[PDB]
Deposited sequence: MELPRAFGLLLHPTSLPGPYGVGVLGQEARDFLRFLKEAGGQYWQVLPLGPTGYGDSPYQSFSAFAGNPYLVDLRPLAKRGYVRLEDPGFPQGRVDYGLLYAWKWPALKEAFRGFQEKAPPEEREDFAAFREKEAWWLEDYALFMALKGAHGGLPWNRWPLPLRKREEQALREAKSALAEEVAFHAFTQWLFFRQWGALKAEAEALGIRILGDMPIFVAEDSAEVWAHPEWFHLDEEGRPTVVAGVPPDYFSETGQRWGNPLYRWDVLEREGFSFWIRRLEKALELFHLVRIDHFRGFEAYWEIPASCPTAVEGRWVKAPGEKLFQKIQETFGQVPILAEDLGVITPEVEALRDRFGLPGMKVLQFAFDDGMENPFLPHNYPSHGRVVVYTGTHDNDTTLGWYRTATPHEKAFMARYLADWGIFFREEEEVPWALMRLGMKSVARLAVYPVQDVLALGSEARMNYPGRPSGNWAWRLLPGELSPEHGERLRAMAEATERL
């Protein structure tokens, strides 16, 4: 049963620090301390898998793998395994192109330095790690090695014996890319080691990490390559059908491969169990995006170019949750239940006592019936209230672009709830207060709203080709005063 509490949303890439990206190092511990001192008990992150073109966490090369960019290199550099220099990284922003060019070589150099110089004790735990994680790691490491060797081409575009995973081809590829396979394995060992320490620190400080996973994996991913039967795939490995959302007047065609649920059901939903178990190592709770898919999913033929063409298909959510509940003794899922929802989807979520999402930015476009208005929140309180999501703008940016109706209805509503503001920079704080006063057990706020940043700090702008996933905190930006303001709000709203 969720405690009445508050959290902050921050993806690790946004953390401050050198070498062009936030890493699992001292700055992350600093953030946890701030979160602790501010009286927060929850840290939310976006997916932590390896990113492709477009740098999206929501399109990953592995469901299981950690992001190589989040690995801190400074512990290696202190050991003398690598020498790090700054190529001219921007501050307050991730430049992924510079990062791609510098970090991957940095990681390789570190690996070579480790293999030469590392103590045998270290080299044993790396060796022990590879054997333990082999069930996912072997394929991941090879998928990455093959990808570089095949010039970033998707696995669907690879030569056929490799694509179909014929044993001889697999064996010969591993021998040919054995140094590469070892390297990708090393990146993971570092990742899981560094996150394991970080999670330990959090737990000590009484902080639970909220993870994030998309319901659908990407087409260009190790698991899809590894287990094609699980996916609806043609002989070529091209999806016969693609994930999407029905008409959003156009609808949306995402392109993601859909699961052969029957196959998974036969298998006791093994992929999902493993996926969650791996997530639970990193996280305390796991939000699943497009959670509605578990009830039913919109199936679009791949040949069809638009979202309008497909059909709805029923999915065995009930069964999957029954298996989860029986395996873990619990269903540790936050349901992303935003957008068009059905009584069926609500039925499933409430059956497993799963908490749902609420977003305050959505709340003032309608009338008082609007579900995102606190008074309409369920009494059971199993909801996480957000000022905004990673796909939405910052609250201050939203307030600068919002309609006169929205702005007036908001001010009035706040006023009724006893919340007043004299400035637009105060608006994010007022909205944070509105969520804290609500019945919602958890209120999770992005750091950009704590800082009252404008639209320059938007994590993701849907429909914008560049500049996404790049926002970074500056060192020291999250001042003690910010923390003291949060703590006071939490005392006043009984979230301490």
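Unmodelled regions of the deposited sequence, numbered from residue 1: 1, 249 to 251.
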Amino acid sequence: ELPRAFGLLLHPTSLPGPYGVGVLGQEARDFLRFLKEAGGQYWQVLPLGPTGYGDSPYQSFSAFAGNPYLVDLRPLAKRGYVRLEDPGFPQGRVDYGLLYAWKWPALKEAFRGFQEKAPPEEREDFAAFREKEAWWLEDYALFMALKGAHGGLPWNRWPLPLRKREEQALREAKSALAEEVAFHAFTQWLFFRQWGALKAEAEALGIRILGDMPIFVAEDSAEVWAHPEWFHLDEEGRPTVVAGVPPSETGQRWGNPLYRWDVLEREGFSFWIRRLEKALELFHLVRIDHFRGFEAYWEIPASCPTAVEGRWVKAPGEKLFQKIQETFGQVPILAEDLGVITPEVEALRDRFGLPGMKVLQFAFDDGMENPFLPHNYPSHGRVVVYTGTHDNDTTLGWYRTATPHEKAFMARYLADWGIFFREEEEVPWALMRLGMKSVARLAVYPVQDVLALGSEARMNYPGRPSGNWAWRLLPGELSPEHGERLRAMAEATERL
From here on, numbers count along this sequence of modelled residues.
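Look at the mean CA B-factor for 277 to 285 and for 320 to 328 in the entry; the higher one is 320 to 328.
Comparing the deposited coordinates for 381 to 389 and 149 to 157, the stretch with the larger average C-alpha B-factor is 149 to 157. Among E167, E203, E109, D139, the highest C-alpha B-factor in the deposited entry belongs to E167. Across the residues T240, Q361, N376, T187, the deposited record lists the maximum Cα B factor for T240. In this PDB entry, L2 carries a Cα temperature factor that places it within the highest third of its chain's modelled residues. Ranked by Cα temperature factor within the chain, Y81 sits in the highest third according to the deposited record. In the deposited entry, the Cα temperature factor of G454 sits in the bottom third of values across the chain's modelled residues.
Remark: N256 belongs to the middle third of its chain, ranked by C-alpha B-factor as recorded. In this PDB entry, the Cα temperature factor of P343 sits in the top third of its chain's modelled residues, the highest group.
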